[PDB]
Amino acid sequence: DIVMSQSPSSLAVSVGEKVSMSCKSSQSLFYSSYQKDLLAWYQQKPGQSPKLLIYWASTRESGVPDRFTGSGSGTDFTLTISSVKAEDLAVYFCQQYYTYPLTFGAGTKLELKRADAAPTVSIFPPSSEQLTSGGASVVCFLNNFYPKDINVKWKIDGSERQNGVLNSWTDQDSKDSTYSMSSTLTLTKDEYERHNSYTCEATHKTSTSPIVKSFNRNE
Amino acid sequence: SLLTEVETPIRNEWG
Amino acid sequence: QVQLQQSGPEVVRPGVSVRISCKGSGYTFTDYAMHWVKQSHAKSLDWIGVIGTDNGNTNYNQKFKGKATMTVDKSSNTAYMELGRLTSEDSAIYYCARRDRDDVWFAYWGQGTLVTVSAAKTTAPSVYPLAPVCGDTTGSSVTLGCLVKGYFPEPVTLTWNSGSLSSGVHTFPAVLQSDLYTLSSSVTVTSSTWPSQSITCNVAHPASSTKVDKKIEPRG
């Protein structure tokens, strides 16, 4: 199959910047009879179907603003937004139609640049109510950080746990451009009461060392 | 063995 | 006024099949094949295959051979896709789409059909207040939370102080653990103000007709 490789996967942008993103196909898409390349671009926002932007590598679909330009021929294609607007924050995909199966790149997501920000971290023991029902969840919140890449590590007593850990990330905040994440460690009531120290550790670009929040169940 | 949109995505190639 | 109108969302048990539909209106149905596209949540797009609306012939992406079947009822301007012997990998939004007047780029898309593969039954959440411990105040800001666990299906609604506390709130998307959903929310307020001024999580799960309020109480 024709492999479509998009990069970067994410791009932090500022309103008014020229933005460029790359789509490379594993084979030439040039079709001589037309003298066109068989490549399209799409825009997709959360909760919506993809919208066609460009076809034959460089024709704008009707209604698409003239700040969107497609370029390239052969294998190496580019979607350029000459002066990016806030309404252009979306995922952009390329697609070949040289042959079946049709194939799409993995997308380039445009997010808004802001200054880097470490997370505010908080940790929460199981409620008495949950314990009474025989379960135990330890919750860590890592709030209002930037950029989105972050790693959370749980430790119990002093040893790292992978099992029972589920994470959820917000999308980029529409007012402050930060990200937030919740990490929840779920155990049996029995297991939870056998240990004492619970620790959540956040590693992020903004610190050379982790932010550590911990509690002792006894205390 | 006629070509249609089922066999190829290229409009030029359909019989 | 080309419209591709898809059937509504489906919750389907693992191991059975589901039939989804796409009705084309505002154009000559038989002049354009119907294509289908999978989008796994937060993922890319995968072309599943194509069916000729005129000839009924099909061409499946080999990645979906034996998973997907496509049919058409020309008399109804409706195309159908059958997804067989479902697993959790099959959970996704499925689109129908068609070309414009030339080659197969997708000028028109349906609105999508959401397929969720689960054996779960309707289940009320447990709602637990999360009261802070040492380290949960940073500067003059204290963070409190609310944990909403073990419900099905989506959605729940969570508020604080019946919607009066809205700034300083982070409510996280639901995720699946085992085969039930869990969600949490955090709220952050000026420390001196709590517990003097009460803070309560309000949670509603319509499918089970549950509505619970949990006041956050100091660990004492």
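In what follows, chains carry the letters A, B, and so on, assigned in the order in which the sequence lines appear, proteins first and then strands, with residues in each chain numbered from 1.
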Among A/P101, A/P50, A/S137, A/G164, which residue has the highest count of heavy-atom pairs closer than 4.5 Å to chain C? A/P50

Heavy atom to heavy atom, less than 4.5 Å: which residues from residues 133-142 of chain C reach chain A? C/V133, C/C134, C/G135, C/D136, C/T138

Between C/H170 and A/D173, do the side chains contain an N or O donor and an N or O acceptor separated by less than 3.5 Å? no

Residue by residue, which of residues 33-41 of chain A have a heavy atom closer than 4.5 Å to a heavy atom belonging to chain C? A/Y34, A/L38, A/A40

Of the backbone (N, CA, C, O) and the side chain (C-beta and beyond), which part of A/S49 lies under 4.5 Å from a heavy atom of chain C, both, or neither? both

What do you reckon, is NZ of C/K215 surrounded by more than 12 foreign heavy atoms closer than 6.0 Å? no

Contact part of A/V91 toward chain C, heavy-atom cut-off under 4.5 Å: side chain, backbone, both or neither? neither

So, the part of A/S214 with a heavy atom under 4.5 Å from chain C: the answer is backbone

Select, from A/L166, A/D171, A/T184, A/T103, the one with the greatest count of heavy-atom pairs under 4.5 Å involving chain C. A/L166

With sequence neighbours left out, the residues meeting side chain to side chain contact (heavy atoms under 4.5 Å, CB included) with C/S88 are none

Non-hydrogen atoms of chain C under 4.5 Å away: do they reach the side chain of A/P125, the backbone, both or neither? both

Any donor-acceptor N or O pair under 3.5 Å, side chains C/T188, A/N143: no

Heavy atoms only: give me the nearest A/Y97-C/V104 pair and the separation to one decimal. CB-O, 3.2 Å

Chain A neighbours within residues 95-102 of chain C, where any heavy atom lies under 4.5 Å away: C/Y95, C/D100, C/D102

Taking A/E129 for its side chain and C/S126 for its backbone only, find out whether a donor-acceptor pair lies under 3.5 Å. no

Region of A/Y31 that comes under 4.5 Å of a non-hydrogen atom in chain C: neither

Interchain contact, C/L176 with chain A, by part (heavy-atom threshold 4.5 Å): backbone

